Structures are given as C-alpha cells and as structure tokens.
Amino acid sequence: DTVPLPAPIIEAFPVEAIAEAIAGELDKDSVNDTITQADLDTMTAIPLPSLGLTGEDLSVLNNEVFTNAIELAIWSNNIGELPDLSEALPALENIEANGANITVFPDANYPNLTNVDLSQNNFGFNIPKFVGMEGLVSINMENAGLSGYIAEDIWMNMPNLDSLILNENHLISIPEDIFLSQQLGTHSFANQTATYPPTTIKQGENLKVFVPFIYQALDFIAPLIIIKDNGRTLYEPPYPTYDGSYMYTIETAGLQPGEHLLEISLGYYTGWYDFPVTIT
C-alpha cells in the first residue's frame, strides 16, 4: 500500500534518482528532508526524464499519492515493463514517454488520461489496448517497434480519440475499424516494415507468406508491388485481389539452391516485408 507521512523523501521513495528529483521539485536541499501530504499535493507534474530509471525504480512512486499531478515525464529512461501507476497518479492527464525503452504499457485505470506519447519505445509484439484509458484523445506510437498482427477491431473503445500516430512500426496488418470510422482528424500509418522468421523450402516449390496488409490496403485505395531477391528485382506482378485469405504466393520455383532474402515492396499506406529463405 503506501508509506505513512510525514516521512523523509528517501524513506518514501528509496531510489536515489527519484528522491533527488522529488527533492528538486519541492525545492528541498536533501533526500533526508521530511515531506508532508500537503507537499506532494503541490506537484502538478512528475519530472523524471533521462535518469536511467527502470520499471522497478518507477514502481516506488506507488508508495504515495500525488493527488494533483496531471503530467508524468519519463522520456529517455530505460524502463522495460512500465508499472501500473494509477494508485500514485489518480489525476494523470498526460504521459510524455518518448524513447524510454518501454516494452510493455499495461492496462491501467487513468480516467482523466487525455494524451500519451509512447513514440520511439520498443513494444515488439506487446501491442497495448489502453483498457482503463477510455478518455484518450491522442495517442502517439510512432517508430515504437509495434510488431506483428493487430485486429481490425482494436482501439474502438475510446469515443474521443481524435489522433492516432502509428508510422514507422513493423505491423503486417491494419487496424481497419478505427481508420474507417472517421473519428480521427489526424492519423498516420506509413512505413510498416518487417522481417519474417526464416524458413526452408525445396528447390522447385514456391513460397506462400501471410501478409494481411497487402489485401487490407485495398479498403483505402484502388490500383504498385515489387518482388525482389537478395536486393535485385525479380518481377513486378499486378496487385492481387482479396477473396478469402491473406496468403500471398511468391514465384520462387525458378530460384536455385542456397540463401535467398525475398522482399515484397509496396508503394503508392506503404511498406516492405522480408522473408529469409533457404532453398535445398
């Protein structure tokens, strides 16, 4: 639960960097100085950028309640799994966490959360759903390592969402519902790139890959596509048509044995996908 106050800052938050930061905001000259609940109530923001903090370090904030802090500044840290800070930040409205090496942004109860900047983090396959943050107006996840497949129906639980930035990620699918609903006055999905796991096939067979983006793109346009092998163009086929599956076949039957890096380059929404292949 919490640490009873009054108490010294170092007892309330036993992480050097965090206690020095709190001491600085309250203008106390030492982490040994005593703070009251009234002192924590004067903080409208939590300035913790660029301090080498991990998720564990930050979890210490839950030892108290900053009843009026409306902003959390944690950019340029080394977080990993971000803890659930709703206990400590009940009035939170804005999260500025650019390039903080966050790998997981958990579902957390932040009623007043309006804006979140999670750009340049590194989620990998941990796509966040923002459960508990139904009031969000703008989300920025530009160049944040978002990877894999995402459902057509995610992010349909935020009635005021007006800006969703997702360019420069590694998604192989499109969140169709939200882009087609027309709520968003600002949106970006450009440059999605991904290198699929490597696989093996026999000399003569031709590779079938799972790429939903190729087909979903059609719900946003109406036609180019290029197929390359180890960086050189192999053929430029006509854009396919959707009829029930997201599998795309690439003509590798004529290729000789050895290592081959196949690439599907799309352009007009845009991107490229690599498929490392070993032909026997």
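Numbering starts at 1 and runs along the sequence shown.
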**Item:** Chain break class at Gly231/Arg232 - deposited residues not modelled
**Value:** none
**Item:** Mean C-alpha temperature factor, higher of 23-31 and 247-255
**Value:** 247-255
**Asked** Which of the two stretches, 192-200 or 175-183, shows the higher mean Cα temperature factor in the record?
**Response** 175-183
**Complete:** The residue of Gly80, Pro128, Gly99, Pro159 with the maximal C-alpha B-factor according to the PDB record is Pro159
**Complete:** Quick tally, chain-level thirds of C-alpha B-factors: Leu40 sits in the middle
**Asked** Ranked by Cα temperature factor within the chain, is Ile70 in the lowest third, the middle third or the highest third?
**Response** middle
**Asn63 by Cα B-factor - lowest, middle or highest third of the modelled chain** = middle
**Message:** Where does the C-alpha B-factor of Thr114 rank in its chain, lowest, middle or highest third?
**Reply:** middle
**Request:** Tell me, lowest, middle or highest third: where does the Cα B factor of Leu261 rank within its chain?
**Result:** highest
